[PDB]
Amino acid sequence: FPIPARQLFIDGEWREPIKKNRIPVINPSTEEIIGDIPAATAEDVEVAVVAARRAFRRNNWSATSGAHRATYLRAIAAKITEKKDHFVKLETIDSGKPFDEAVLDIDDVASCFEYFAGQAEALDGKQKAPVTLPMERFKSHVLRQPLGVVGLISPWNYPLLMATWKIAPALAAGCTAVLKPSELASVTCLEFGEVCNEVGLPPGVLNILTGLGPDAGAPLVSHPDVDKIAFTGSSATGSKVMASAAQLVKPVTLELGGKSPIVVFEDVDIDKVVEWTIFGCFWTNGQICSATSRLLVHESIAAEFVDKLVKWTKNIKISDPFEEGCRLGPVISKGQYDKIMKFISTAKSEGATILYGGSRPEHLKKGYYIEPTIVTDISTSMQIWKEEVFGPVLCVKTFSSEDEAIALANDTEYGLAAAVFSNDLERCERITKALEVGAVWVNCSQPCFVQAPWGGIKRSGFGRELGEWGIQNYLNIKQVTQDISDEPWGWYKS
C-alpha cells in the first residue's frame, strides 16, 4: 500500500517542519524505505507548545466538564474502530509486528479511549469532594483540574497504543498536549492527527511532532511552558529526561521497561505454562517492556519443560508479518537488529549456551529477522542476564529452594513485571508479595488490561499509568478550604 506523505500536526492543521527536514520510514521485513516522516526540530516544538498553551487558555476545552471531553474521547474510539483495517495494516508495516498482533493493538486503542471517556466522566462529581476538618470554623473540598500543557513521549513497540496510553488520560483530564512518538514508528500516530480533525477536537488540544529523540523530544521536555512530562522508553533515556525536567522542577512519570522474571514451580501443566513463557518473551518479536525474559524453572521439571519449550518455539512461524499464520516478524530496525545480535555474540563469548536460535532464520534472506532464542548455562554475572535485550531472547536458570527463586528473581536493578507459575496458590500469593516489582502475573504472563494500574519500581521507573491511576498524573489536586464563621481569627490584638 501507499504509506502516506504526511506532515506535522500542529494546531489542528498540517504544518511543515521549520527546517523542512524529514526521515525515512522503513519496512523491517524488506529493509526498504517505504516512506517519509517530518523531522520536527526545537523550533517546531515552540510553535506546538504555543498552540497547546493557547488552546488550554480557551474556555473551550480545559475548563470544560469531563462528560464533555468524554464525547470526543468516545468519538475518537468510534472513528478508530471504523478505520480499523486501515490502521492495523499501517501498523503492521511500520512496526514489523505480526498482523494478528496489530489487530489487537488497534482494538486496544479504541478500548483505551472508551475506558478514559469513563474516567473523564467519573472526574465530574469527584469535583468538590468534601474533606472533613476538626474545627467547625472551616470547610474543605478537593478540586481536580488539568495541570495545563503536557509533553507525551512514547516508544515504537506499540506505536498507537503506547501513544493513546498517554493521549487518553491527558485529554480526559482537561490538559492539552504535544505528542512525540518514536522516530522508528510514527505513521499511525501521524495518521491520528486526521482522526482528531474528523471528531472535531479543538485545534491545539493535541499536537503531533514526529522526529528524533534528541531533536524533537529533548526540546519538548526542557521547554519552559510544558508543565508535565509523561515518558515511556529506556531507563537510560528516562534518567536523561528526568534530569532535564529537574531544571524546572517539572513533574514526570517514567515507564522504563526491565528484565522481568518468570518463575515456574514443579506443580504446573508444563504445556500451557510453556506457551506463556514463549508469549512472555517472544511475542511482539521480543520487544516487550514487561518481557518475562528470565526463566527460573525448578530443576525438577527443568529438563522436559525446556524440551517442550524448544519444541514449542521451534513451532513458531517466523515470516513476513502480513503472511497469514505469521507468529513472529522482524525486529523494528537495523540498529535494534545489530544490538540484539551483539547481545547474542557476547553471550556466547561469555560462555552461555545458545540451546536454540541465536542466528538469522534461513528462509528469510532480507529484513531484520532473528530466531526465537533460548540460552542456558547462565551465570548471574553475564550481561545477557542483567541487560534488557528487547529481542526474542530468553535466558534460563534453575532453582532448588522457593526463596532461591525469590532471591534470583529480585536479582536485578529493574522492577517492572514478574510472572509466577504454580497450582499451589498459597505459594503464588507468597511469591507475588515478595517480588520487587510493579506488576505480578499469577499463572500467565503479559496480559495488560487498561482497567489496572501499570508501572514499575527500581530502575523500571515510577508512577502508574492506566486504570484509575492514569488520569491522576495529569491533574492538579487543588485543596480549597474556607472560613464559614465570619468571626475574627483572634490570634492577634486590635
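Numbering starts at 1 and follows the sequence shown.
As the entry records it, the average C-alpha temperature factor is higher for 203 to 211, out of 226 to 234 and 203 to 211.
As listed in the deposited structure, the average C-alpha B-factor of 358 to 366 and of 81 to 89 is greater for 358 to 366.
For the set 312, 165, 116, 414, the PDB entry puts the maximum C-alpha B factor at 312. Looking at 255, 107, 266, 388, the one whose CA carries the top B-factor in the deposited record is 266. Per the PDB record, residue ranking by Cα B-factor puts residue 126 in the lowest third of the chain. Among the modelled residues of the chain, residue 348 sits in the highest third by CA temperature factor in this PDB entry.
Remark: residue 25 belongs to the middle third of its chain, ranked by C-alpha B-factor as recorded. Among the modelled residues of its chain, residue 321 has a C-alpha B-factor that falls in the highest third, as given in the PDB entry. Ranked by C-alpha B-factor against the other modelled residues of its chain, residue 174 falls in the lowest third.
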